[PDB]
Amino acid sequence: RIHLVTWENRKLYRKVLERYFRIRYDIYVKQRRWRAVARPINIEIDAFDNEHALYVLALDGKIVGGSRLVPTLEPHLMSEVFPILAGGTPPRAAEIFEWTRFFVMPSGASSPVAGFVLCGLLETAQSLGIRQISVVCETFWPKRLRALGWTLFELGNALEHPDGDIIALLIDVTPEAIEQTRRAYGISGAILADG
């Protein structure tokens, strides 16, 4: 199930968040991803992990995948690091949040966990009146996401690097995108823990 962790419920979710920041150490620091900062303790945390962050976490209590949303009216990765990808002016609106830190844990084999996370992201954004989601992602993502039902707009030129090519996208959060995604991964029950 997809759980929405915010500033307001961070104390209820304190053990999940402590595991979540340790997991980011395993994923981002331990496999030496671009710009991950090594901390003196085994967590990974960046300038965008503050009171304005939203954590969309796939649980079962073990974390199996997730993502992070930041209000585009606040400083965000595309605004502070990659504004060149959106022509120097990333999209910024109350209605618009930036997606960062998409991950799926290895275990999670032939599992729709990815499905559960991607569908859960759109459903959480729906529920909050986030109408679009901005993202900096590898240049292979738009094909995959336009195969699941997503309507999205490239915001610029790809930035080519020997270690990976990246691009900025603006994603519509549509009832349709949601349906086709569920269909692509064929799962049924409730996904969000709404209560």
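So that there is no doubt, residue numbering starts at 1 and follows the sequence shown.
Peer 1: Between residue 107 and residue 108, count the deposited residues left without coordinates and pick a bin: none, 1 to 3, 4 to 9, 10 or more.
Peer 2: 4 to 9 residues are missing.
Peer 1: How many missing residues of the deposited sequence lie between residue 60 and residue 61 in the entry, grouped as none, 1 to 3, 4 to 9, or 10 or more?
Peer 2: 1 to 3 residues lack coordinates between residue 60 and residue 61.
Peer 1: Which is higher on average in the deposited entry, the C-alpha temperature factors of 170-178 or of 7-15?
Peer 2: Looking at the recorded C-alpha B-factors, 170-178 comes out higher on average.
Peer 1: Quick check on the record: does 79-87 or 111-119 carry the larger mean Cα temperature factor?
Peer 2: Between 79-87 and 111-119, it is 111-119 that shows the higher mean C-alpha B-factor.
Peer 1: With respect to the C-alpha temperature factors reported in the PDB entry, which of 39, 144, 52, 68 ranks highest?
Peer 2: Spelled out: the listed residue with the top C-alpha B-factor is 144.
Peer 1: What's the residue among 136, 29, 148, 133 with the greatest CA temperature factor in the PDB record?
Peer 2: When the deposited C-alpha B-factors of 136, 29, 148, 133 are compared, 148 is largest.
Peer 1: Which third, lowest, middle or highest, does the C-alpha temperature factor of residue 153 belong to within its own chain?
Peer 2: As the PDB entry reports it, the C-alpha B-factor of residue 153 lands in the highest third of its chain.
Peer 1: So where's residue 160 on the chain's Cα temperature factor ranking, which third?
Peer 2: According to the entry, residue 160 has a C-alpha B-factor in the chain's highest third.
Peer 1: What third of the chain does residue 47 rank in for C-alpha temperature factor, lowest, middle or highest?
Peer 2: Lowest third, going by the recorded CA B-factors of the chain.
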